[PDB]
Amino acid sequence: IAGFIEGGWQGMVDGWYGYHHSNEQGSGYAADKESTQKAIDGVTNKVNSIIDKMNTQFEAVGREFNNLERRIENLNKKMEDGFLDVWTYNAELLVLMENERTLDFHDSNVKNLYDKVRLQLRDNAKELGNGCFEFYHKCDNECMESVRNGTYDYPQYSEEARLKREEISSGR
């Protein structure tokens, strides 16, 4: 299973961002609760802000001018069309800008999760370039969980990782 650089996971059905592991105990998916919940809060606030910050009051819109008051009727027409153009232009552009902001917001969160993992593993693992890391050592389910939270023990596996790193690079 590839990672974020390739596309989304249909197997991730419990969160927005998360992990997929593959060891000798099998594979599986695990979502990052904190970054998923905070992202959901931010998008929820953004949508609510766009809706709740609009001020509306009572207005009675009609046509109460006779055939010898056409100049005033034209003034009403110019005002109504002017407000139509202002709201139409602002609403279309605002949605386009905020949609771009939201999709860029998702990309940053995924990269931050990737960079947190890459810092822990250091040279104990190899970056495949698809969003995945191949471990230069055996990483069981408890080891995988230590990467998902921030408790990965680099010096524990460094000796094993070093031996297997040289074999791969020498062509063995």
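Position 1 is the first residue in the sequence shown; the rest follow in order.
Worksheet item: Between 8 to 16 and 150 to 158, which has the larger average Cα B-factor in the PDB entry?
Response: Mean C-alpha B-factor is greater for 8 to 16.
Fill in: Member of 33, 126, 46, 63 with the greatest C-alpha B factor (per the PDB record)
In this record, 33 carries the highest C-alpha B-factor of the candidates.
Practice prompt. Grab the CA temperature factor for residue 100 from the record and place it in the lowest, middle or highest third of its chain.
Written response: Its C-alpha B-factor belongs to the middle third of this chain's values.
Worksheet item: Within this chain, which third does the Cα B-factor at residue 68 fall in: lowest, middle or highest?
Response: As the PDB entry reports it, the C-alpha B-factor of residue 68 lands in the lowest third of its chain.
Worksheet item: According to the PDB entry, is the CA B factor of residue 54 in the bottom, middle or top third of its chain, that is, lowest, middle or highest?
Response: It falls in the middle third of the chain.
Item to complete: Just say lowest, middle or highest third for the CA B-factor of residue 80 relative to the other modelled residues in its chain.
Response: Residue 80: CA B-factor falls in the lowest third of its chain.
Worksheet item: What third of its chain's C-alpha B-factors does residue 117 belong to: lowest, middle or highest?
Response: Middle third - that is where residue 117 ends up once the chain's C-alpha B-factors are sorted.
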